[PDB]
Visitor: 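Just dropping this structure here.
Keep in mind that the numbers below use all heavy atoms, side chains included, and drop hydrogens, waters and symmetry copies. First the proteins, then the strands, lettered A, B, ... as listed; each starts at 1.
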2 protein chains.
Amino acid sequence: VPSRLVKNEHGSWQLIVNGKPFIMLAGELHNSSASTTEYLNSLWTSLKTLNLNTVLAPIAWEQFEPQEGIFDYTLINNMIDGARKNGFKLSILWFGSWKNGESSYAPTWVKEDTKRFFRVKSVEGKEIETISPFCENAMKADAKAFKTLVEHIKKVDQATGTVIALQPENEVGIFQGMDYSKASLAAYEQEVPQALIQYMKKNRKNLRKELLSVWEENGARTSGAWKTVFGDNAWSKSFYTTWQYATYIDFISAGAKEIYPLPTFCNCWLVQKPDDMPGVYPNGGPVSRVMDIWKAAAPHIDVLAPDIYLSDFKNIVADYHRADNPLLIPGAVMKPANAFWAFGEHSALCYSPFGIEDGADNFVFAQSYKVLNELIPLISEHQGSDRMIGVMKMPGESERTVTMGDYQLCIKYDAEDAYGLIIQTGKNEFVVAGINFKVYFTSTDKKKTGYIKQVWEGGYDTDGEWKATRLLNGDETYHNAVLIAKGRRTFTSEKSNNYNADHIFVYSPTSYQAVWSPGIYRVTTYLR
Amino acid sequence: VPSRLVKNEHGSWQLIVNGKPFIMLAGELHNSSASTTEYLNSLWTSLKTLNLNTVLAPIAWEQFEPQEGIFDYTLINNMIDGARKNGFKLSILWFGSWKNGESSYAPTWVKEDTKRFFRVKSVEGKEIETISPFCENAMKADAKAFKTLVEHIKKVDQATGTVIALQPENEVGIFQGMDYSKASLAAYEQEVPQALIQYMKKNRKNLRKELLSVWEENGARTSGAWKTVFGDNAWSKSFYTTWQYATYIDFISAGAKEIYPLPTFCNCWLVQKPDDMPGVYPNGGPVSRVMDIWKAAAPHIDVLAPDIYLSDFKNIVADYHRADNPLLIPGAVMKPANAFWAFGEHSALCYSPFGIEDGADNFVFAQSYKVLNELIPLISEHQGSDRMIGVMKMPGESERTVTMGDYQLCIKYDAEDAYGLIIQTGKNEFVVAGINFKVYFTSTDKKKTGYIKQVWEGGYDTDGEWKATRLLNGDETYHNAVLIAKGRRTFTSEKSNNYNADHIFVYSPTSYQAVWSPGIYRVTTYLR
């Protein structure tokens, strides 16, 4: 297989694509944007301006299997062709049984047979436009269609590896406390599967507190029915619902894994607010609260991947990043700070703004992905190590202090939008990337004086070699008192006529207004 | 004849041009814009940008017969040539005896001979700049010139049919209660024509309440003078004045119909305000109040056509559209909503903004005509059908609810400017065109569930074949909860810089601002 997840010397998972470490500098198309060849083909040049290396794009079951047994390879073939022609990798999103909780992408022949493919029932007894996760017919039909898709991908792509990942379903779950279908009601009464109990015993110390607390409130029993082991309540209902979803999707993934195993992730719609009960978000999806249930139920799913559109980004990513779960963000906001934080602080595999094709000529985001691309080899070398951190200011923060080997770094922010990453590449050497912050280096050990030795601004060329554009000194480093991560500059056409001395004094007359994006800096340090 | 009016299976009148149904996506030139070949010829490229298929343009009697018996074919010839070169059909307006009530386009040799061609007189006894409709010399002179123009058109156009319709005179009538010329005063004393009496007897159930009530109030008499049959009042005055106008113009039309019968319409200056008496608007014109008088008097006039510049567009068009009177709007505002409403709700033959050459920069209007052109075959097939409706929001309105066979449609407006049309093309299929509304589909039969099955966005190509641009799903249909008629999108060059999440959540980042115009959607539904 040309794409594989492999744990590195630090215990961080890495994506190895065509034999090298690969980080998805990605974006996800709008949902309907891959539904015709012409519409998708109209987007490639937009996407290239953003410097993506990876596009997340859906294949819909309704179009892929328009009548049962009859497959249409038009869209996957054209998608793969266009990605190759435009220098992109693909992560294929499978909009099958469920997309945002519902079954709107199921085939017409699935939708119209509600006897074979039964629906979720509301508390009111009404069938909704969601196939029940308790319907094995649907599970089997979805599995067959997905495995057929993956068979084809292997046939047309095993040698090239344009396709590097798979996402079965999209943000699954019900907007209810439970499914009231007869099969759901019956499942709730059953014995808790031993695979879950055995996972909880084995992983007891590291279980989510949400699962552990319910289990323990009911005696932490190692057998019995759902309502015996977890009580009769919203959580027990969520737990057996989640078990069913993870189980159904695991079955779909396993069929694919058996013939062509690619890195496979499932994505969640987040618990939007801390008090929210299951069903205000999709009940069943791999939110962090039920991470253990998904891991226990679905070993053919590699990663549980948060879709993040909320402002509390740093806390959210820390919540999803675990020893058994690399950070992978398939839908997010088009904000470069978030990318640098995910990649540098949490060694993330993917950052992917949603609706990417509508953001062409977002210049700062584009130049941010250019800089991240230059850094992929170095980021890859330091994933999971304590020698790499992110930088990202949040409202009301003024600094970050960290210790890195012999040095203390005081990161101070110079604007609301301040972000980047820092890698200690050497005992006395750092690479700093980003914008709108400064770094002060001092000695950890107080019997010594630590100082910047030399600062170089630059980038990595198309061969991966460091090329310096300036040795930054004097005004540009306040005489090596500090690293200023001002960023790479781009003058605009607009006149600036800025010639007056501004009263540490630096005279910086300017004729044009300018635009700024992350820079890359190599700092050597010394102790005396 | 290459243009004719023919009633379809639904009893709606259609214009059949060169043997195919034709709807006039039209505009009228400013009055003086066809007065030289150079001035007209400078307009054709402007007109093409608006996606017109038809131009309404005048021929002026003063120019066509500048000396009695001497005809100048320069302007008609150049107009037909230009229309053919630029792919337009023509409706020819004949500005003869009257235009906007007055006689300013009568030839100089008519104007100067008030003995032969006598004028309307005011209540003060002043002769005005309007030829009296009681002057048979002017009727016959106008008729001879009009026939001569129509003979020429047949000679140069009977095979091509660039000219598809004729409008004799323009907004006729007097700004007085009655004409006070000798002949007018004598006519008021005459016996009501039997053709009017018999029309009222036979058509009583469909008569205007304006005419029926005055008849009834005076005993519904079947003989007697105007003042006996209708009383001595402003209405009686309007009725005999209107009879006169309709008779004079019928004679003019009849001479052309004998030699080359083209669809023929006469247009009105509306009753501007409900209390307005005859004479505040042109007394004699075919306003809906006296439409029965026009129908009784003028069998050689096919359509009575309102010029509409007032905002109460829906009430007005419903007032003019009758079983014996298709909707034809030769002068209107340049507003796409009005077009969609006229064509969809009332199966109109023509929509025509006045002063069209001035509106060449109207992107949205141009794109609206592009979509209506794509829909002409489909609109044509459903004219007069209960399967076709229009959509148009008026201030303060929130929704429209309609039944279409098995489905109930709830149309909700998402902006002030919300318009389009809806056609049920199948038991379980709809075409929806337009912008800024949503359509919710449910089942009429209360014990079934109706839902959207699939949604495509697209258009009709230059062969008339449907071409889908997307299968709309997910965010784009709220997971098939609703049809969103967002419209066809055109990015402008203007920067948007719009990357913030906006808290059903959809993440829609945009680099450029956009303009929207009507789209076309194909919606399949189902019942489970």
Visitor: What residues of residues 505-528 of chain B make heavy-atom contacts with chain A at a cutoff under 4.5 angstrom?
Guide: B:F505, B:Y507, B:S508, B:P509, B:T510, B:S511, B:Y512, B:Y526, B:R528
Visitor: Given that the side chain runs from C-beta out, which part of B:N500 has a heavy atom under 4.5 Å from chain A: side chain, backbone, both or neither?
Guide: both
Visitor: Would you say the side-chain atoms of B:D445 and B:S443 include a donor-acceptor pair closer than 3.5 Å?
Guide: no
Visitor: Against chain B, label A:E357 side chain, backbone, both or neither, depending on which of its atoms sit under 4.5 Å from a heavy atom there.
Guide: neither
Visitor: May I ask you to decide if B:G390's main-chain N or O and B:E345's side chain share a donor-acceptor pair within less than 3.5 Å?
Guide: yes
Visitor: Tell me if the CG atom of B:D502 is crowded by more than 12 foreign heavy atoms within 6.0 Å.
Guide: no
Visitor: B:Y451 and B:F441: aromatic ring centres closer than 6.0 Å?
Guide: no
Visitor: Does anything in residues 414-432 of chain B reach chain A? List residues with heavy atoms under 4.5 Å apart, or say none.
Guide: none
Visitor: Which pair of non-hydrogen atoms, one from A:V110 and one from A:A106, has the smallest distance, and what is that distance?
Guide: CG1-CB, 4.0 Å
Visitor: Under 3.5 Å, is there a donor-acceptor pair between the side chain of A:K99 and the main chain of A:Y105?
Guide: no
Visitor: Does the cation-pi check pass for A:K273 over A:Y281, that is, NZ or CZ under 6.0 Å from the six-membered ring centre and within 45° of its axis?
Guide: no
Visitor: Does any backbone or side-chain atom of A:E102 lie under 4.5 Å from a heavy atom of chain B? Answer side chain, backbone, both or neither.
Guide: side chain
Visitor: Can you find a side-chain donor-acceptor pair between A:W61 and A:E65 that sits under 3.5 Å?
Guide: yes
Visitor: Test side chain to side chain donor-acceptor pair (under 3.5 Å) on A:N41 and A:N78; report intermediate values, then the result.
Guide: CA-CA 8 Å; A:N41 284 347; A:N78 171 82; 3.0 Å; yes
Visitor: Can we call the ring centroids of A:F175 and A:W269 under 6.0 Å apart?
Guide: yes
Visitor: Need one label for A:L75: side chain, backbone, both or neither, based on atoms under 4.5 Å from any heavy atom in chain B.
Guide: neither
Visitor: Given a strict heavy-atom distance threshold of 4.5 Å, which part of A:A60 is in contact with chain B: side chain, backbone, both, or neither?
Guide: neither
Visitor: Has A:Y369 got a side-chain atom pairing as donor or acceptor with A:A26's backbone, closer than 3.5 angstrom?
Guide: yes
Visitor: For the candidates A:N362, A:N170, A:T36, which exhibits the highest count of non-hydrogen atom pairs separated by less than 4.5 Å from chain B?
Guide: A:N362
Visitor: Which one of A:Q272, A:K126, A:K111, A:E38 has the most heavy-atom pairs closer than 4.5 Å to chain B?
Guide: A:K111
Visitor: Do any N or O atoms from the side chain of B:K412 and from the backbone of B:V439 form a donor-acceptor pair under 3.5 angstrom?
Guide: no
Visitor: Checking B:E457 side chain against B:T469 main chain: does a donor-acceptor pair fall under 3.5 Å?
Guide: no
Visitor: Output the option from B:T449, B:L471, B:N480 having the highest count of non-hydrogen pairs under 4.5 Å with chain A.
Guide: B:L471
